[PDB]
*Asks:* 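Input: one structure, supplied below.
Numbers restart at 1 for each chain; the letters A, B, ... are given by sequence-line order, proteins then strands.
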Amino acid sequence: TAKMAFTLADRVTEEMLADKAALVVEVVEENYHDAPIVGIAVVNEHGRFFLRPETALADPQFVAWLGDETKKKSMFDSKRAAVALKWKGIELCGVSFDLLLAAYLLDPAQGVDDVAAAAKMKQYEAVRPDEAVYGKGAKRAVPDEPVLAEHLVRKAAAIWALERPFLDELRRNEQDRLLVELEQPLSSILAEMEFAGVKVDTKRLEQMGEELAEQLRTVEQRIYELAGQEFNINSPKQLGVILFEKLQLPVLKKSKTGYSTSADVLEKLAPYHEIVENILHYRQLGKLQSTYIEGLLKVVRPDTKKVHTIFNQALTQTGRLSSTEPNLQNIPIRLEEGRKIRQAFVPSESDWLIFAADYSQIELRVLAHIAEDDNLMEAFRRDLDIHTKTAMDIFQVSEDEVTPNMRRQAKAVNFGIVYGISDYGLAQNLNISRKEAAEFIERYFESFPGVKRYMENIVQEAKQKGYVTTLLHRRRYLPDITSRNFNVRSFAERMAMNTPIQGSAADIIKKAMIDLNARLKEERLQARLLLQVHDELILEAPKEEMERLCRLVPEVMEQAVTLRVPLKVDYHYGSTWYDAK
DNA sequence: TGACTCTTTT
DNA sequence: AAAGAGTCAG
Ligand SMILES: OC[C@H]1O[C@@](CO)(O[C@H]2O[C@H](CO)[C@@H](O)[C@H](O)[C@H]2O)[C@@H](O)[C@@H]1O
Ligand SMILES: [Mg+2]
């Protein structure tokens, strides 16, 4: 392939500082926090340019251009560059188009994760995949300057050529505003959150780990006694031999590889031998120790004593965020021993507090809205306990006739409706038969005929159109909706049902984040957004701001969109994330 | 290195 | 429904 033409500049010139350009600020490290920038490419009306970062980032004019909002840039994964630049004390402004976010909105199923993959969607192939240039795994490395510069320039040239086709298709999809007014402003907001980080009380985590280590050694030794020998408890294969061969415990569930030792299998095995509950206890403690004490500690920055997560804004099929290093969206809450981990997440400044606000049943409320189910809407308009009310309806009983087991099962039905699990999935969850599960679902549709109507209609719409959409026009293609394989087709149907629910909830929280950031600034508060956990926002703020935030945050969240039923937000604050409960 | 298995969250 | 730790082939 002949090299694409470009100037390998030694110095920044005026013609590199046009008010419209494709810009590449290359951070090759997967985790971009305080990570090197290996090179820079600019493409504009005047030409193609490669700049060495030590030159560019020391040039007052270039830096000024980077921070000038009126100088428009087109990029791929602008958040990566923005954050890497934040660590160097440089502001990136004026990013008017992000090809990563554009490709993501166009079809999240494509898994677009480099410029090449995005370009391929429009039959543009004059750019290499990053993996071919940098290698992968242990072989991963930055190549020599000629190879590096050409690659960065080809990526920039691709972005420059692809902006128009991508924007055009977004417009046809009615997704132009979704990109420009939602995902892109959110991206700046996430960059600030990641950069700010969350303070961690490492000392408390460490002493927790010490306590766990003691309890782990105790249970582990007890396990060896009950087995009559030592083995690797964390090896499902070895444990399977102890349980199902040495101890002759029944085999209720198997895997592709051998015996299942899932927690739900073990729970059923407990009455047979004393070893089982000890194994369950071991795995609980071991999960906390390895994943949440040791894992968290590994990624706390020693300089700051903070964790700086990375939100992947371009991954999920539903439009949710995910987060990594650490993942702050699965910190334990359910069981008290796990929940205590949240005590280690503290405010980053003295006399500040953690403030958390969460939507109450936002997914079921969205469902009531999109389905226009009279019963479901009435229930939310009365702010009823939705699980108790669902139990009342399914079992045809009065509120005081609802037993705890009845409510538990109604709750599992709702969870099934919300996440679109199979009737086989409901059966598994409630430990009942499919016939019984199917009866539950059938009773539900009798009490909520509008939801049944919605399930039917959306599946048909997915068939006819080839995709489903959310409130704010996020899209998900479902080509498997026509499949002749039952399991493949059924999963697609469930995704047709679930996506406008989970996706629209994602849309709403994302808008609330944008609305909140603007309100905080207007109100001149020092409060800052730290985390989003699917349906909740977590902030830290001076204690003197708590009373104002108690009024402000739920109002912004509740008013983010207007639905046929109210949105409800609960809130708490305290000296640690644990206490904000 | 990657397929597997298991566990945590919403 | 949909990140990461550990094990065990290759
Ligand atoms: O920068 C986040 C952004 O990068 C992508 C690849 O383009 O993911 C990379 O970065 C993530 C966080 O460090 C990694 O988890 C991921 O494995 C890595 O490829 C995008 O998927 C993401 O939106
Ligand atoms: Mg909640």
Side-chain angles (χ1 to χ4, degrees), chain A residues 30-31 108-109 135-140 231-241 253-267 279-299 307 309-312 315-335 337-339 341-342 356 358-364 366 411-412 414-426 428-429 476 490-499 501-503 505-506 509 531-538 577:
Chain A
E30 189 131 337
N31 185 317
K136 64 178 307 170
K139 322 288 256 300
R140 186 176 172 84
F231 63 102
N232 188 8
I233 310 174
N234 292 296
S235 159
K237 178 177 64 175
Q238 296 189 40
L239 174 68
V241 173
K253 183 68 180 295
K254 64 179 180 180
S255 303
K256 307 177 59 177
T257 299
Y259 311 112
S260 176
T261 66
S262 168
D264 71 328
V265 170
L266 293 183
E267 293 177 350
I279 294 163
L280 287 166
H281 191 24
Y282 179 87
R283 269 183 183 171
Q284 187 220 15
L285 299 180
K287 174 62 140 182
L288 293 176
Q289 187 74 326
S290 65
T291 290
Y292 298 111
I293 278 76
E294 294 172 336
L296 256 180
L297 284 171
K298 183 178 179 180
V299 293
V307 288
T309 193
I310 293 180
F311 292 105
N312 194 336
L315 177 64
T316 71
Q317 297 284 88
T318 53
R320 279 174 157 188
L321 305 173
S322 71
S323 80
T324 54
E325 294 187 89
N327 176 0
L328 289 174
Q329 295 176 332
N330 66 349
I331 304 298
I333 195 157
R334 206 196 152 236
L335 299 183
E337 182 59 33
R339 180 178 210 169
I341 299 308
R342 288 164 178 250
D358 70 280
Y359 285 108
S360 177
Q361 305 291 335
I362 188 178
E363 302 83 351
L364 288 173
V366 165
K411 179 173 186 176
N414 284 333
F415 181 93
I417 294 277
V418 164
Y419 287 91
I421 75 182
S422 44
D423 78 323
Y424 156 84
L426 180 63
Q428 198 75 14
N429 182 23
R476 182 181 189 168
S490 292
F491 177 77
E493 295 174 350
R494 296 200 294 286
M495 294 309 101
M497 304 177 215
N498 177 76
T499 298
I501 298 171
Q502 304 274 357
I509 189 158
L531 299 181
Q532 185 242 61
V533 188
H534 303 309
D535 67 342
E536 63 171 315
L537 302 183
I538 303 129
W577 191 6

*Asks:* How long is the line joining CD1 of A/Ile293 and P of C/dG4, in whole Å?
*Replies:*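 Whole-Å distance recorded here is 16 Å.
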
*Asks:* Would you mind telling me which of B/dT5, B/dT8, C/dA3 lies closest to the side-chain atoms of A/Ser255?
*Replies:*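 Per side-chain heavy atoms of A/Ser255, the pick is B/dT5.
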
*Asks:* Output the single nucleotide from B/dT10, C/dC8, C/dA3 whose closest atom is nearest the side chain of A/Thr324.
*Replies:*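 Selected nucleotide (nearest to the side chain): C/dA3.
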
*Asks:* Whole Å only: how far is the CZ atom of A/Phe415 from the P atom of C/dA2?
*Replies:*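 About 12 Å, once rounded to whole Å.
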
*Asks:* Please tell me which of the listed nucleotides, B/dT7, C/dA3, C/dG4, lies nearest to the side chain of A/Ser262?
*Replies:*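 The closest nucleotide is B/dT7.
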
*Asks:* Go through B/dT10, B/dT8, C/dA2 for me and flag the one nearest to the A/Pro332 side chain.
*Replies:*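 Nucleotide nearest to A/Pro332's side chain: B/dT8.
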
*Asks:* In whole angstrom, what separates A/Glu536's CD from B/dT10's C1'?
*Replies:*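 Value for this atom pair: 9 Å.
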
*Asks:* May I ask you to evaluate whether A/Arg283 reaches the phosphate of B/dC6, defined as a side-chain N or O under 4.0 Å from OP1 or OP2?
*Replies:*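 No, no such contact exists.
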
*Asks:* With respect to the side chain of A/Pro236, which nucleotide from B/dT9, C/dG4, B/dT5 is positioned closest?
*Replies:*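 Nearest to the side chain of A/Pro236 among the choices is B/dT5.
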
*Asks:* Tell me which nucleotide among C/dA1, B/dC6, C/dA5 gets nearest to the side chain of A/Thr291.
*Replies:*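 Among the listed nucleotides, the one closest to the side chain of A/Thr291 is C/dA5.
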
*Asks:* For A/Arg283 and A/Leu239, which heavy atoms make the closest approach, and how far apart are they?
*Replies:*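 In this case the closest contact between A/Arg283 and A/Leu239 is NH2-CD2, 3.6 Å.
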
*Asks:* Between the side chains of A/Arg494 and A/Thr499, does any donor sit under 3.5 Å from an acceptor?
*Replies:*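 No, because no side-chain N or O of A/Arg494 sits under 3.5 Å from a partner of the opposite role on A/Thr499.
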
*Asks:* Would you say a side-chain N or O of A/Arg320 is under 4.0 Å from OP1 or OP2 of C/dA2?
*Replies:*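 No, A/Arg320 has no side-chain N/O under 4.0 Å of OP1/OP2 on C/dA2.
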
*Asks:* Does A/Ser290 put a side-chain nitrogen or oxygen below 4.0 Å from OP1 or OP2 of C/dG4?
*Replies:*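 Checking C/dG4 against A/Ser290, no side-chain N or O comes under 4.0 Å of OP1 or OP2.
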
*Asks:* Using the rule given for side chain to side chain contact (heavy atoms under 4.5 Å, CB included), can you reason through A/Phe231 versus A/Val241, listing the C-alpha separation, both sets of side-chain angles and the distance that settles it, and then say yes or no?
*Replies:* CA-CA 10 Å; A/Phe231 63 102; A/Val241 173; over 6 Å; no

*Asks:* Name the pairing partner of C/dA9, where a pair is Watson-Crick or G-U wobble with both distances under 3.5 Å, or state none.
*Replies:*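 Answer to the pairing question: B/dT1, which forms a Watson-Crick or G-U pair with C/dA9.
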
*Asks:* Is there a Watson-Crick or G-U wobble partner for B/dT7 with both distances under 3.5 Å, and which nucleotide is it?
*Replies:*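 B/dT7 is paired, partner C/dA3.
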
*Asks:* Do any side-chain nitrogens or oxygens of A/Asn327 fall under 4.0 Å of OP1 or OP2 in B/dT9?
*Replies:*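 Answer is no, no contact under 4.0 Å.
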
*Asks:* Check the phosphate of B/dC4 against A/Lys256, side-chain N and O only, distance under 4.0 Å to OP1 or OP2. Yes or no?
*Replies:*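 The answer is yes; a side-chain N or O of A/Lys256 sits under 4.0 Å from OP1 or OP2.
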
*Asks:* OP1, OP2 of C/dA9 versus side-chain N and O of A/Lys237: anything below 4.0 Å?
*Replies:*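 Yes, A/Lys237 has a side-chain N/O under 4.0 Å of OP1/OP2 on C/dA9.
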
*Asks:* With respect to the side chain of A/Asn232, which nucleotide from C/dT7, B/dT10, B/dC6 is positioned closest?
*Replies:*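 In terms of side-chain proximity for A/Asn232, the closest of C/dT7, B/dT10, B/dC6 is C/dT7.
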
*Asks:* Could you check how far CD of A/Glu294 sits from P of B/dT7, rounded to whole Å?
*Replies:*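 Atom-to-atom, A/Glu294 to B/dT7, this comes out as 18 Å.
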
*Asks:* Contact class for A/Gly137 vs. all strands (heavy atom < 4.0 Å): base, sugar-phosphate, or nothing?
*Replies:*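 Sugar-phosphate contact only - A/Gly137 comes under 4.0 Å of backbone atoms but never of a base.
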
*Asks:* Measuring from A/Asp358:CG to A/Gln361:CD, what's the distance to the nearest 0.5 Å?
*Replies:*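 Spacing of CG (A/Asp358) from CD (A/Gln361) equals 10.0 Å.
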
*Asks:* Can you find a side chain N or O atom of A/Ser322 that sits less than 4.0 Å from OP1 or OP2 on C/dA3?
*Replies:*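 True: A/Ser322 side-chain N/O within range (under 4.0 Å) of C/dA3 OP1/OP2.
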
*Asks:* Looking across every strand, which nucleic acid part, if any, lies under 4.0 Å from A/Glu363 by heavy atom: base, sugar-phosphate, or nothing?
*Replies:*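 It contacts nothing in the nucleic acid.
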
*Asks:* Within the structure shown, what part of the strands sits under 4.0 Å from A/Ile233 by heavy-atom distance: base, sugar-phosphate, or nothing?
*Replies:*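 Here A/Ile233 touches no strand at all.
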
*Asks:* Would one find a side-chain N or O of A/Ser235 under 4.0 angstrom from OP1 or OP2 of C/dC8?
*Replies:*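 Answer is yes, contact under 4.0 Å.
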
*Asks:* Could you give the CD-to-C1' distance, from A/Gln428 to C/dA1, as a whole number of Å?
*Replies:*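 Going from A/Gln428 (CD) to C/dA1 (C1'), I get 14 Å.
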
*Asks:* Starting at atom CZ of A/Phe231, determine the distance to atom P of C/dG6, rounded to an integer number of angstrom.
*Replies:*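 Computing the A/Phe231:CZ to C/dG6:P distance gives 17 Å.
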
*Asks:* Is A/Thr261 close enough to B/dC6 that one of its side-chain N or O atoms is under 4.0 Å from OP1 or OP2 there?
*Replies:*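 Result: yes.
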
*Asks:* Nearest whole angstrom, please: distance from the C1' of C/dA9 to the CD of A/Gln238.
*Replies:*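 Value for this atom pair: 14 Å.
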
*Asks:* Output the rounded distance in Å from CG (A/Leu239) to P (B/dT5).
*Replies:*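 From A/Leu239 CG to B/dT5 P: 14 Å.
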
*Asks:* NA contact type, A/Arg476, heavy-atom cut-off 4.0 Å: base, sugar-phosphate, or nothing?
*Replies:*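 Sugar-phosphate contact only - A/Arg476 comes under 4.0 Å of backbone atoms but never of a base.
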
*Asks:* Can you tell which of B/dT9, C/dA1, C/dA3 lies closest to the side chain of A/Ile333?
*Replies:*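 Comparing B/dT9, C/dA1, C/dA3 against the side chain of A/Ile333, the answer is B/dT9.
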
*Asks:* Which is it for A/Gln329 and A/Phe311 under the side chain to side chain contact (heavy atoms under 4.5 Å, CB included) test, yes or no, and what are the steps along the way?
*Replies:* CA-CA 10 Å; A/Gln329 295 176 332; A/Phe311 292 105; 4.2 Å; yes

*Asks:* Give the C-alpha distance, both sets of side-chain angles, the deciding distance and a yes or no for side chain to side chain contact (heavy atoms under 4.5 Å, CB included) between A/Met497 and A/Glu493.
*Replies:* CA-CA 6 Å; A/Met497 304 177 215; A/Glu493 295 174 350; 4.0 Å; yes

*Asks:* For A/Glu337 and A/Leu288: C-alpha separation, side-chain torsions, deciding distance, then whether side chain to side chain contact (heavy atoms under 4.5 Å, CB included) applies.
*Replies:* CA-CA 9 Å; A/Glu337 182 59 33; A/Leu288 293 176; 3.9 Å; yes

*Asks:* Looking at B/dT10, C/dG4, B/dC4, which one has an atom nearest to any side-chain atom of A/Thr257?
*Replies:*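 It is B/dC4.
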
